[PDB]
Amino acid sequence: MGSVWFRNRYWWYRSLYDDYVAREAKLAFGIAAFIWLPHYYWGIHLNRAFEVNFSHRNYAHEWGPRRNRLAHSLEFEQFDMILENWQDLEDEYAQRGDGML
Amino acid sequence: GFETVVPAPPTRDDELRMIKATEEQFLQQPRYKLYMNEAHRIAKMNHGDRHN
Amino acid sequence: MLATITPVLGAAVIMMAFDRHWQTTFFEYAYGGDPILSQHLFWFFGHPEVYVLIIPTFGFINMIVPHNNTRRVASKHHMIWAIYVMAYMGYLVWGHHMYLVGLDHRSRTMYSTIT
Amino acid sequence: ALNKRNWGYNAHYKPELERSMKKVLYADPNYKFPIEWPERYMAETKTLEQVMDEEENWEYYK
Amino acid sequence: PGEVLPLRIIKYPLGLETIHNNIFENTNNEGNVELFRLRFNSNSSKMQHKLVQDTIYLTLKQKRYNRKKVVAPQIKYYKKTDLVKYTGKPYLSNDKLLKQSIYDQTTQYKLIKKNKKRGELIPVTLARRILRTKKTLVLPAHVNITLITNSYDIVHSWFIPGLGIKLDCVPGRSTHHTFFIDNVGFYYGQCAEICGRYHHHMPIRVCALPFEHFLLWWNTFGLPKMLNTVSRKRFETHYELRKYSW
Amino acid sequence: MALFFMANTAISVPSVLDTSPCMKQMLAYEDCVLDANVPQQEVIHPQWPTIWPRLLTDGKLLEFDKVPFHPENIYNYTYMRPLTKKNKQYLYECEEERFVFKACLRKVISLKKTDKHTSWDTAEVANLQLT
Amino acid sequence: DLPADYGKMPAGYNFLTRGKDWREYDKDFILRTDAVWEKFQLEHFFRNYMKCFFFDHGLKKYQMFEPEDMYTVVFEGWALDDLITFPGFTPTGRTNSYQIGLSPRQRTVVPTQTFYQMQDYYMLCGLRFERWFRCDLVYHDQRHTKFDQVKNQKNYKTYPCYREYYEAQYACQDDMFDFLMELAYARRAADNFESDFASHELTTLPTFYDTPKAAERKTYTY
Amino acid sequence: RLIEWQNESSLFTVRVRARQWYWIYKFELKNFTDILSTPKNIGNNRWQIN
Amino acid sequence: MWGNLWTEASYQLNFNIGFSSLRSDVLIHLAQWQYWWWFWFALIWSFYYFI
Amino acid sequence: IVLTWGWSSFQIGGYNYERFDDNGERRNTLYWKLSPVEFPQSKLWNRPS
Amino acid sequence: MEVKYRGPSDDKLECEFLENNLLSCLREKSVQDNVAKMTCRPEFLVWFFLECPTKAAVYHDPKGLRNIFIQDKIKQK
Amino acid sequence: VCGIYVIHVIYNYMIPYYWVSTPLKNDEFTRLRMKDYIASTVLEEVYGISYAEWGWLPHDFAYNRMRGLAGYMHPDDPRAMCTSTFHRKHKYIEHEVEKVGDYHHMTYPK
Amino acid sequence: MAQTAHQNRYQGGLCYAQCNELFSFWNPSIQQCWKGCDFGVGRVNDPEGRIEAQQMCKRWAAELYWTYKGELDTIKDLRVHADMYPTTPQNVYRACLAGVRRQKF
Amino acid sequence: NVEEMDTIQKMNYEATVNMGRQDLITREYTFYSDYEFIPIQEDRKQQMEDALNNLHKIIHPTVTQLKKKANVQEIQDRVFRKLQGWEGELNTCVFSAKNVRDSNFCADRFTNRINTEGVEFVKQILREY
Ligand SMILES: [Cu+2]
Ligand SMILES: [Cu+2]
Ligand SMILES: [Cu+2]
Ligand SMILES: [Mg+2]
């Protein structure tokens, strides 16, 4: 990782800048590992939140109208049951013209 | 500018024969003849041969 | 850089003055003109002006830092070539100020990738 | 054969219900659909009177 | 200029219509397909009639909110029979009921105008001053709208921060943009290109709604207009509501 | 973005599972109706023979005493069109699905909110919402 | 399946379900343990989502208004204007909740791909209006005697330039369409066909598509 | 890839014309017919046009 | 407000830092990209700590 | 000042905002599976932009 | 998506309106719509089962429905 | 790099623009189609879809899959010929599509 | 390839190559021919599968464009040429049929 | 009739009538500086239309049996070149016509050219195809 791959390390430093910051670079390696940890964890949390939001968007796009249709059918079925009972009452009224009243 | 007799749509055997003919014609192309697969590929190759 | 862009800026503003007071309709679309041409001219002057403004401060820091540090600068040749290539690119990125005006996608991609 | 797909063609109802009649009907090779699958998405050229007359003068395949 | 010549021979274009694979649009009474047409000029000095404007647009003029001097009540007339069939002052309640007002609506409006309580973190939804318009552009969600942007006079900017979009309305340029809103959302906006005196107060309101609610708005406020029939509801609104159904 | 720029992909999150009571039955019935290919859109509701009985008699579902009736295409006033014999035939083959849908709806309606539903407040966890 | 007429609709079938035992279908569907909760959630969502109308007590009827920002609904609920009567989502009371998609595209006489590189359709607008104006100059004066503007609308035939007209309208804007309509009026009053002046084909480079035998130029294949 | 190069594949079209200090939204007549022809996802992801 | 369907999307308060609304695809993508962009500087920052 | 705060302050603030304020949710929402998600904090206020 | 919550209103005037619509629909649909004039609004029917649940209970009780039927027949007479 | 890009722009944006300048009697649409094709089908504007999992999450990829199929639905679009397929499952995980060819509609991915 | 089954034309195989050989380089009919090749995978070698693939082409053309019923059955010539563009459902159908024909295996 | 139509039908009928009545209005506005010419009379118009119908009757079987719009357009272009030369001759001779006798002479010459030379030219062309 860095100058270890090169067999003329001096040239390397030279051929880059002729300036030397290797020790700071390695201290940076260690500290960078131990400081990137928490940002990555919170980013995992954020990524899960974004995925949940996209899943909700897909479900709302696809199944929202279906659920509304299902509710409409439920209400119409309640009216159908009420209408069947009302028609039974109407048949009884036809049998008995004013006995019910 | 008269028309010709339009033949019936080819059967599977005719399709296979024309596929084989296209395969052979594709295989005939050299590697240094850089002409892309196009409707005008054969015309451009003939034009290039005449130009050469 | 100012030597290159000053004629373009002058032409743009002269055309604006003519359009204002002579009704030459240089930027009226009804009979040939286009305001997009005015935007192109000004921004062709525009971005090189900001690059003219910013670059000398690089010289200020590149003089002050070695002086107090009593050492040579890192790479003066490379810094000079970097500012020169920045000046070069300043003449092909004028359109990043005109992304939304409806430029063709070819030009817009060119401006974005050079910017 | 591995890459063979229906690609959304003849995507009619597949009866999962056991008591459904269409299931049995869809098992019959002689079953005729009301309209061919590519024709479901095509605009009708016939008028209302012609369509109603043809549908009234219609016989089930069985 | 010149004249409409006595006779002109005109070629009928071929292949314009491919509806049923027929290239001959015209056919005379004899049953023969026509390739040519004779056009005769009868009156030499007669002028030619201007092309009739076949374009009909539903025009929504979105302007800034206008202050009301007095809150007028809801008045409905008989059968224009200026006798008041119904008069009332509704107010929308918290439980979404248009209840009958027991207050003075003008007094409420004036009190809200003069002195309303605000806070250091008041949401933009509850604090709008340069974002209120009379009308809203209602569009369906999860579907594609082409937006042909253009400007009458100078360059403006149709800027929607919520959707993260901005269309530079440039004169002459009939610029086509794709518009897709993946959410039911009411977005405010402002002009984002300097245009002059009321550049700041040039608000935008765009409501993306599901296609059922958008269709309801279209059939109750958009389809009533753009019909060119009498303003009676029995002849226009209900008309389309029973003639054009989705 | 790049190859590994978001550094994590939330593959654990599944698609939102549908827990609607009779959604499967509704979808099966709607598929059967689409196969029947009935121009009347009111057939999408299983209660249509009781809600719009005129579809079985003359198709007159609305009154046009004041609003003019001006048909122009076949795709006009489709609700004012009686069910032709052919349509009825292909609406008969969906009777099993329609009956199952109506039975599911009736059973859902018969359900009541009693006081033994102790976990009524904490039902979101039960209804597979804690992804 | 046992009868030979299985699936055939019996004569006089009224589709009615009065007095039908629904316990037969108890095994034909599955209800979750939280079915009651889901039913109540469905009812609440349908009530609070679909009901974009409010019951006015003075009129004793439902009313509605155009979509408005929350502020106007909240702090100006006593100043609501342009209230109309709610007619309903659909004329017959059925459902209107459907996921939508993209309808099939229209046939194109003048392709958009001629100038598809440009986001501004000015050249495309000009080309489409040019083609439409050629068609109109062919058919403009026969419109009220042979096409859609006839008095007997039972014999209505579509004007042949309808598709090009709508393509031009889509490509152009209102102001550009009006400019081109002024130009079209000038050229129609002058009765100026383009072929009456066109001479630029002589000063155009030859092309394989300019061969004298155009019909034989195309190579048709299966 | 989602907000550009999709002008020709649209449900319908709206003209946004900006006049000095207000906006104008124009709906062409054809859009009306387009709104009538919007497909419906009915059933298990099946599309119908009425 | 469209009935009880709160169609308002911004909800941004005063002293707001982020986007006006994260309800749209473009702004959601931009927010995620900016966060993970700020993620990829650790080493560089650490280097500039030790200089 | 340079490392520890600039790489943990935003994460701590977001974690406490979710833990103590539920990310500022408007809780009067009916169905979660059909609701827009109130995201945790994703715009770093400790960064220049 | 963002749908707020508001329970059934049970507003007396709104419930009377929906009750009148429901009674008209029951009368018209009981005879297979063989009526001179059809005033039923089936859409409004669904709202009766969402805005006036108490009244819905009255219509799901046989005794209450019978009493409503008798009252409506008396009103028609 | 800039000049190679600039040459590529000059190759297909300026000189082709200067080719056709008048209305054409023969195959005008084909000539204009060639002119526009060499400029509007540049990979820089069409290549992104091949690597979409980099920026589209498995649910967002599923949603944008139908947004792309309905966005490039128009058959008359040569750049849609160069755009990568939208009939592929998400590499990391796919939730909606099991088989990329088992749909209920030809122009819809479900 | 947005409507096609392969990420790039090269993964499409010989059929796709033939499609690129069928039309000029500026023709979306190449994409339509690629769709036809997709429809013909594992169906061409069987007669019923080939008829089904042709019907798939019919359905594809009917979905892409507003098509009238029976119109695709009244096409005078089903052959294609280089300059045939998918501006009509007939052209889309012809390109798809050509793609099905050029499908090996 | 008008009394038997509703409001919308009356609106549509009035629209059609007004769209048909364009020319009438333009009959009022005439220009002084225009070059007047004696128009082709109605009988000559009908005779020329009959000659064109005869040409179309000759053309119809060939073009309807032709399946190539390119060939049909080629036939149309050739016939149009011939007819356009004749039309130019007719317009030149009619614009300078001093009276209805001259106009009738020119129209009859054009009709004879269609009926004599036009049919032969068209027949040779169609025999080529
Ligand atoms: Cu700049
Ligand atoms: Cu403005
Ligand atoms: Cu402004
Ligand atoms: Mg600006």
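Cut-offs applied
- Residues numbered from 1 in each chain as written, not as in the entry; some residues may be left out.
- Chains lettered and ligands numbered in written order.
- Part of a larger assembly, values for the part shown.
- Heavy atoms only, no water.
- UniProt positions renumbered as here; feature names shortened; annotations may be inferred.
- Helix = DSSP H or I, 4+ residues; strand = E, 2+ residues; numbered from the N terminus.
- Contact = heavy atoms within 4.5 Å.
- Axes fitted to C-alpha atoms, helices over the stretch in contact; angles between N-to-C directions.
- Parallel < 35°, antiparallel > 145°, perpendicular 65-115°, else oblique.
- Nonpolar A, V, L, I, M, F, W, Y, C, P; charged D, E, K, R; others polar.
- Pairing = 2+ DSSP bridges.
- Buried area = accessible area lost by both parts, 1.4 Å probe.
- Salt bridge = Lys/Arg side-chain N within 4 Å of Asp/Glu carboxyl O.
- Polar contact = N/O pair within 3.5 Å; in protein donor to acceptor, adjacent residues only side chain to side chain.
- Donors = N, O, S within 2.8 Å, 3.2 Å for Na, K, Ca; no water.
- Tetrahedral: all angles 85-135°; square planar, octahedral: opposite > 155°, others 65-115°.
- Buried < 20%, exposed > 50% of the residue type's maximum accessible area, 1.4 Å probe, protein only.
- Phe/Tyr/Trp six-rings, centres within 6.5 Å; stacked < 30°, edge-to-face > 60°.
- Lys NZ or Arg CZ within 6 Å of the ring centre and 35° of its normal.

- Its PDB header names cryo-EM as the technique used to obtain the model and reports a resolution of 2.96 Å.

### Comments concerning the UniProt feature "binding site: Mg(2+) 2" (unreviewed entry) in chain E
Residue and element names in this part refer to chain E.
Part 1 of the reasoning: Cross-referencing UniProt, the feature "binding site: Mg(2+) 2" (unreviewed entry) maps to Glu 193 in the present numbering.
Part 2 of the reasoning: Looking at where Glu 193 falls in the secondary structure, it is placed in the loop between β13 (185–191) and β14 (204–209).
Part 3 of the reasoning: If we skip the residues at most four places from it in the chain, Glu 193 touches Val 155, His 156, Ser 157, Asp 168 and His 199.

### Things to note about the packing of helix α1 (residues 12–30) of chain K against helix α4 (residues 62–76) of chain K
Residue and element names in this part refer to chain K.
Part 1 of the reasoning: For the pair α1 and α4, interaxial distance at closest approach is 12 Å and the crossing angle is 80 degrees. Here α1 is positioned roughly perpendicular relative to α4, judged by the angle of their axes. Residue-level inspection shows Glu 19, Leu 23 and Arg 27 of α1 in contact with α4, the latter providing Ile 68, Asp 72, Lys 75 and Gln 76.
Part 2 of the reasoning: Its residues assigned to classes, the contact of α1 with α4 comprises two nonpolar, one polar and four charged.

### A word on the sheet that holds strand β10 (residues 156–160) of chain E
Residue and element names in this part refer to chain E.
Part 1 of the reasoning: Reading across from one edge, β8-β14-β13-β10-β11 is the order of the five strands in this open sheet, with mixed pairing throughout. Looking at the sheet topology across the chains shown, the edges are occupied by β8 (137–140) and β11 (165–169). Taking each pair of neighbouring strands and ignoring which way they run, the sheet shows an average axis angle of 25 degrees.
Part 2 of the reasoning: The sheet contact formed by β10 and β11 spans five bridges and is antiparallel. Its bridge partner being in β11, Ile 160 is matched across the sheet by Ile 165.

### Some words on the interface of chain M and chain B
By convention, interface size is frequently given as the accessible area that disappears when the constituent parts associate.
Part 1 of the reasoning: In this complex, chain M contributes 21 residues to the contact, which on the side of chain B involves 19 residues.
Part 2 of the reasoning: When residues of chain M are sorted by the area they lose upon contact with chain B, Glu21(M), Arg50(M) and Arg101(M) head the list and together hold 33% of the total.
Part 3 of the reasoning: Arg50(M) is the partner of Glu15(B) in a salt bridge, and the nearest nitrogen-oxygen pair spans 2.8 Å.
Part 4 of the reasoning: In this assembly, chain M and chain B are joined by eight residue pairs in polar contact.
Part 5 of the reasoning: Looking at the side of chain M that touches chain B, its residues break down into nine nonpolar, five polar and seven charged.

### Regarding the interface of chain G and chain E
Part 1 of the reasoning: At the junction of the two partners, chain G supplies 86 residues and chain E supplies 83 residues.
Part 2 of the reasoning: Note that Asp54(E) is salt-bridged to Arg143(G), the shortest N-O span being 3.4 Å.
Part 3 of the reasoning: Connecting chain G to chain E are 35 residue pairs in polar contact.
Part 4 of the reasoning: Counted by class, the side of chain G that touches chain E contains 47 nonpolar, 16 polar and 23 charged residues.

### Some words on the coordination of the copper ion (ligand 2)
Residues and elements named next belong to chain E.
Part 1 of the reasoning: Here the copper ion (ligand 2) is held by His 156 (ND1), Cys 191 (SG), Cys 195 (SG) and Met 202 (SD), and the distances to it run 2.1 to 2.4 Å.
Part 2 of the reasoning: Taken together, the four donor atoms coordinating the copper ion (ligand 2) and their angles of 97 to 117 degrees define a geometry best described as tetrahedral.
Part 3 of the reasoning: Read in sequence order, the donor residues for the copper ion (ligand 2) give the motif H-x34-C-x3-C-x6-M.
Part 4 of the reasoning: Classification of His 156 by relative accessible area gives buried; the value is 0%.
Part 5 of the reasoning: Judged by its relative accessible area of 0%, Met 202 falls in the buried class.

### Regarding the packing of aromatic side chains
Part 1 of the reasoning: Counting across every chain of the model gives 108 aromatic pairs over all chains.
Part 2 of the reasoning: Relative to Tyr77(F), the ring of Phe69(F) lies with its centre 4.3 Å away and its plane at 45 degrees, an arrangement referred to as tilted.
Part 3 of the reasoning: Residue classification places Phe69(F) among the partly exposed positions, given a relative accessible area of 38%.
Part 4 of the reasoning: Put simply, the rings of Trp36(A), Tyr40(A), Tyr41(A), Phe4(F), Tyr35(I), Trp36(I), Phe39(I), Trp40(I), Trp5(J), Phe10(J) and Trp45(J) pair up and form one aromatic cluster.
Part 5 of the reasoning: A cation over a ring is seen here: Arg242(E) above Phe64(F), with NZ or CZ 5.1 Å from the ring centre.
Part 6 of the reasoning: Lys35(M) extends its terminal NZ or CZ atom over the ring of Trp7(D), reaching a point 4.4 Å from the ring centre.

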